[PDB]
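Let me begin by presenting the structure, written as structure tokens, before commenting on it.
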Protein chains: 6
Amino acid sequence: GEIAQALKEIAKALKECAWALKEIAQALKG
Amino acid sequence: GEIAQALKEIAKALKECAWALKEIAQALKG
Amino acid sequence: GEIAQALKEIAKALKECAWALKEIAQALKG
Amino acid sequence: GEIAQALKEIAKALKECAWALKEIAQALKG
Amino acid sequence: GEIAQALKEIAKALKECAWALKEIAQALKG
Amino acid sequence: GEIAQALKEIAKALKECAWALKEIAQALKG
């Protein structure tokens, strides 16, 4: 439903942010 | 509705964050 | 409207985060 | 109340994130 | 528990973001 | 309660993001 799906979309966008931030960290110290 | 539309705007902004962070990761990767 | 205004302030802050991240990505791109 | 204050605290933490991201962008292109 | 699980996935993703940001900060510090 | 505790964990993680981003900003500033 509208609210459950909105929170899922927020979680998914934050997982994409987390992946990219780990890629940036890994470029500096991996 | 007001709550649904605010949660949609939060998801949209986070997707823009995610895309920019992917571009920063791409710039730093070998 | 306390709940709606707090979600709108979260969206506003994330839009500022997205603007700044896009500025960082542009600074690093060719 | 518990939920209104929690969302305010989330907005405040995101404003601090936004300020720091703008400082990073400004260090690169200001 | 769909609403609680989506908020917990948001927290999980943000903890991953925080870990990666701390790794970036450590890479840049003296 | 479950919703209150998830929102507290989201705020805590974002404060950790904010602190790390402040440290990255400090590293890059003159």
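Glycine also receives a Cβ, built like all others from the backbone with ideal geometry; neighbour counts cover every protein chain displayed. Read-outs throughout are calculated quantities, based only on the coordinates presented, and are distinct from any laboratory measurement.
Listed by chain and number, the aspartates and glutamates placed with their C-alpha closer than 15 angstrom to that of B:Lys15 are A:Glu9, A:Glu16, B:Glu23, C:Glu16; residues fewer than eight positions away on the same chain are left out. Per the Kirkwood formula applied to alpha carbons, the protein assembly as shown shows a radius of gyration over Rh ratio, Rg over Rh, of 0.97.
Ranked from shortest, the separations from the 7 Å Cα-to-Cβ label point of F:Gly1 to its equivalents in the other copies are 0.8, 1.6, 1.7, 1.7, 2.5 nm.
What number comes out for the charge environment of E:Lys22, summing +1 per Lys or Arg and -1 per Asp or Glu over other residues with Cβ under 9 Å away? If you can, show how the numbers build up before the last one.
On the way: positive: none; negative: E:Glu23, F:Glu16, F:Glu23.
Within the 9 Å Cβ shell, the charges total -3.
In order along the stretch C:14-27, phi translates into HN-Hα couplings of 5, 5, 5, 4, 5, 4, 5, 5, 5, 5, 4, 4, 5, 5 Hz, rounded to whole numbers, per the Karplus curve 6.51 cos²θ - 1.76 cosθ + 1.60 with θ = phi - 60° and x for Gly and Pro.
Give D:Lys22/F:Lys12; A:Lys8/E:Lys29; D:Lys8/E:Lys29 a once-over and call out the pairs whose C-alpha atoms are over 28 Å from each other. Can you show the working numbers first?
Working: D:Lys22/F:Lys12 21 Å; A:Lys8/E:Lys29 35 Å; D:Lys8/E:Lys29 31 Å.
The pairs that break the limit, which is 28 Å between Cα atoms, are A:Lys8/E:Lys29; D:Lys8/E:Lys29.
Note on the protein assembly as shown: helix-only mean residue ellipticity at 222 nm, from DSSP H runs of 4+ residues weighted -39500 (n - 2.57) and normalised by residue number, equals -32500 deg cm²/dmol.
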